[PDB]
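Colleague: Chains as they are written, first to last, in PDB author numbering: chain Z, 21 to 59; chain F, 336 to 518; chain Y, 264 to 398.
Just dropping this structure here.
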Amino acid sequence: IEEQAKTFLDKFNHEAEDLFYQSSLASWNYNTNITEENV
Amino acid sequence: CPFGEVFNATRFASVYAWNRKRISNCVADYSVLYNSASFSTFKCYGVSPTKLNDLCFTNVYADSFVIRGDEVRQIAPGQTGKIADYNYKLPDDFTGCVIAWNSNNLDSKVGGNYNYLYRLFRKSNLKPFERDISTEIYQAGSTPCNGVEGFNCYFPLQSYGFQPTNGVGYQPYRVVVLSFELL
Amino acid sequence: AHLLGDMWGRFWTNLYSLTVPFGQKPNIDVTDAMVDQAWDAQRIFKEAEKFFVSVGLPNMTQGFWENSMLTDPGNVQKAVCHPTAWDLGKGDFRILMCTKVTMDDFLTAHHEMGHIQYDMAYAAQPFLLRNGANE
Ligand SMILES: *[C@@H]1O[C@H](CO)[C@@H](O[C@@H]2O[C@H](CO)[C@@H](O[C@@H]3O[C@H](CO)[C@@H](O)[C@H](O)[C@H]3NC(C)=O)[C@H](O)[C@H]2NC(C)=O)[C@H](O)[C@H]1NC(C)=O
Ligand SMILES: *[C@@H]1O[C@H](CO)[C@@H](O[C@@H]2O[C@H](CO)[C@@H](O)[C@H](O)[C@H]2NC(C)=O)[C@H](O)[C@H]1NC(C)=O
Ligand SMILES: *[C@@H]1O[C@H](CO)[C@@H](O)[C@H](O)[C@H]1NC(C)=O
């Protein structure tokens, strides 16, 4: 049913925004200061 | 009136289990509040702010919690959203005042402060000033799901992961809601 | 195919010195007027922010000014130097470039700020719809 999909995406929209953040914040620290302990 | 704790606390309270201090017989000076200029939001609803230091009630309640920056607009009479629906609901004839100030340096910590949760699923919106600290699993489409995540079903609490490098509107704000009542 | 200005003939932009219509007229270049008024690294973006507030678009987010790295650092710091605009999430927008005082990087400052103002506008949609409308 359609209302089950709305409750699916809200759970997604909260877990993704944090996991995309850190995964892109760590790509910033590699791009502006290169070590291999950043890669 | 001992506003000490109630304001300058070292650790606030979650948004899904707000606190509730019942200020009582005292000498309250809302001027030190009103003019402190440290507050980013000071709205008064039942009564304009300057006339507070000239009235008397029966009880003042003070509720305290921590939310995101752009969720301070749901702490008002007659709103909707994840916070006002089921975390903290204000009646439709509110009387007190709502105060809020940014607290990025105290509550946000590098790596993410995962200790500030909020409820994001409930059966029905809260009654005004009602509180719900249960954790019983949710319930998606018709199905048992005897305590256990999975297809259409999952915990009801999420956590702000606050970070210090978060644009405004994503940084933690501390909120205090004063509610004057007259039994 | 081997006389077009690059390896594949994709751009003909390296044929300008052979195909210039009037070579006795200098094509306008404001790089000397930038180093005659002591414009720092920060003036190029502050005049860029005044262009966008001139048309009715919001300011920079004020986290934009500390977190960003507008030049290569004062350290001899190994850091991929390539103009780009980042949208890390949670309303945190950063620009990474190594800007020199030139009208070339005066223009790509306006280009890279345009990616930011596009990013700041659709930040109220859900997460899976925060791209451009097509590629
Ligand atoms: C915990 O809450 C307290 C009550 O709001 C905060 O207290 C106040 O800090 C002010 C500094 O901005 C003090 O102000 C000044 O007071 C001196 C005399 O002490 C006057 O000469 C100055 O004119 C006056 N300046 C201003 C801004 O008008 C207040 O005196 C002080 N309130 C008290 C204690 O009576 C605390 O700041 C807060 N916790 C902390 C440490 O931040
Ligand atoms: C690149 O960044 C890393 C981490 O951000 C730096 O490495 C260490 O960072 C910690 C902070 O958590 C410091 O306490 C250490 O002193 C750092 N290591 C060293 C050897 O200094 C690293 O320093 C950065 N690169 C440069 C060139 O400074
Ligand atoms: C943008 O910032 C400038 C100062 O940096 C300020 O004067 C201006 O009012 C701001 N724009 C808006 C719409 O507030």
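Even for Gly, the Cβ is constructed at its ideal location relative to N, Cα and C.
1) If we count the other Cβ atoms within 10 Å of its Cβ and call it buried at 16 or more, is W271 (chain Y) buried or exposed?
2) Does the beta-carbon distance from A435 (chain F) to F374 (chain F) come in below 8 Å?
3) Which chain Z residues are close to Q493 (chain F), counting only those with a beta carbon under 7 Å from its beta carbon?
4) Whole angstroms is fine: what's the gap from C391 (chain F)'s alpha carbon to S366 (chain F)'s?
5) Which of the three DSSP states, helix, strand or coil, is assigned to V510 (chain F)?
6) Can we count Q287 (chain Y) as close to ligand 2, meaning its CB is less than 7 Å from some heavy atom?
7) Counting only beta-carbon atoms, is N58 (chain Z) nearer than 8 Å to chain Y?
8) So which residues on chain F does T27 (chain Z) lean against when the C-beta distance must stay under 7 Å?
9) Terminal residues of the continuous beta strand (DSSP E) containing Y495 (chain F)?
10) With contact counted as at least three CB pairs below 8 Å, one residue from each stretch, are the region 368-388 of chain F and the region 481-495 of chain F in contact?
11) Looking at the C-beta of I54 (chain Z), does it have a partner C-beta in chain Y at a distance below 8 Å?
12) Ligand 2 and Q506 (chain F): does any heavy atom of the ligand fall closer than 7 Å to the residue's C-beta?
13) Distance, Cα to Cα, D292 (chain Y) vs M366 (chain Y)?
14) Look at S399 (chain F) and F456 (chain F) and say whether their C-beta atoms are less than 8 Å apart.
15) I want to check one thing, is the minimum distance from the CB of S317 (chain Y) to the heavy atoms of ligand 1 below 7 Å?
16) Excluding the 5 residues preceding and the 5 following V362 (chain F) in the sequence, name in chain order all residues of the same chain whose CB lies nearer than 7 Å to its CB.
17) Alpha carbons only, please: which of Y:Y279, Y:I307, Y:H345 is nearest the one belonging to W328 (chain Y)?
18) So what does DSSP say about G504 (chain F), is it helix, strand or coil?
19) Given that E37 (chain Z) touches chain Y, what residues does it touch there, using C-beta distances under 8 Å?
20) Compute every distance between the C-beta of residue 313 (chain F) and the non-hydrogen atoms of ligand 1, then say whether any falls below 7 Å.
21) Report the rounded CA-to-CA distance for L351 (chain Y) versus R357 (chain Y), giving the unit in angstroms.
22) I'd like to know whether the C-beta of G381 (chain F) is nearer than 8 Å to at least one C-beta of chain Z.
23) Please report the residue range of the beta strand (DSSP E) in which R357 (chain F) lies.
24) Shorter than 7 Å, the distance from the beta carbon of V511 (chain F) to the closest heavy atom of ligand 1, or not?
25) Output, in chain order, the set of chain F residues within a Cβ distance shorter than 9 Å of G326 (chain Y).
26) Name the residue from F:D364, F:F515, F:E340, F:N343 whose alpha carbon lies nearest to the alpha carbon of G431 (chain F).
27) Quick check on this structure: which residue in F:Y453, F:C480, F:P463 has the alpha carbon closest to the alpha carbon of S469 (chain F)?
28) Tell me where the alpha helix (DSSP H) around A344 (chain F) begins and ends.
29) Could you check whether the Cβ of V362 (chain F) sits closer than 7 Å to any heavy atom belonging to ligand 1?
30) Among F:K444, F:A475, F:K424, which one has its Cα closest to the Cα of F464 (chain F)?
31) With a Cβ-Cβ cutoff of 8 Å, do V350 (chain F) and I418 (chain F) count as a contact?
32) Could you list which residues in chain Z have their beta carbon closer than 7 Å to that of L359 (chain Y), in chain order?
33) So is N487 (chain F) in contact with chain Z if we call contact Cβ pairs under 8 Å?
34) Closer than 7 Å: is that where the CB of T334 (chain Y) sits relative to any heavy atom of ligand 2?
35) Output yes if chain F places a C-beta closer than 8 Å to the C-beta of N277 (chain Y); else output no.
36) With a floor of 3 residues, list each beta strand (DSSP E) that falls wholly inside the region 311-355 of chain Y, ordered by position along the chain.
Modeller: Reading off the structure:
1) exposed
2) yes
3) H34
4) 15 Å
5) strand
6) For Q287 (chain Y), the distance from the CB to the nearest heavy atom of ligand 2 is not below 7 Å.
7) no
8) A475
9) 492-497
10) no
11) yes
12) Because no heavy atom of ligand 2 lies under 7 Å away, the Cβ of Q506 (chain F) does not count as near it: no.
13) 7 Å
14) Cβ atoms of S399 (chain F) and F456 (chain F): not closer than 8 Å.
15) No, ligand 1 has no heavy atom inside 7 Å of this Cβ.
16) Excluding sequence neighbours, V362 (chain F) sits near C336.
17) Measuring C-alpha to C-alpha distances from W328 (chain Y) to each of Y:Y279, Y:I307, Y:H345 identifies Y:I307 as the nearest.
18) coil
19) Per Cβ cutoff of 8 Å: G352, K353, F390.
20) Here chain F comprises residues numbered 336 to 518, so residue 313 (chain F) is not present and cannot be evaluated.
21) 8 Å
22) no
23) 356-358
24) no
25) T500, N501, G502, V503
26) F:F515
27) The closest CA to that of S469 (chain F), considering only F:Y453, F:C480, F:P463, is found on F:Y453.
28) From DSSP, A344 (chain F) is part of no alpha helix (DSSP H); its letter is neither H nor E.
29) Checking every heavy atom of ligand 1 against the Cβ of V362 (chain F), none is found closer than 7 Å.
30) F:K424
31) Going by C-beta atoms, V350 (chain F) is nearer than 8 Å to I418 (chain F).
32) Going along chain Z in sequence order, the residues near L359 (chain Y) (Cβ under 7 Å) are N51, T52.
33) Interface annotation, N487 (chain F): in contact with chain Z, CB-CB separation under 8 Å.
34) No; taking the cut-off as 7 Å, the Cβ of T334 (chain Y) has no heavy atom of ligand 2 nearer than that.
35) no
36) When DSSP assignments are scanned along the region 311-355 of chain Y, the uninterrupted stretches of beta strand (DSSP E) that are 3 or more residues long and fall wholly within it turn out to be 347-352.
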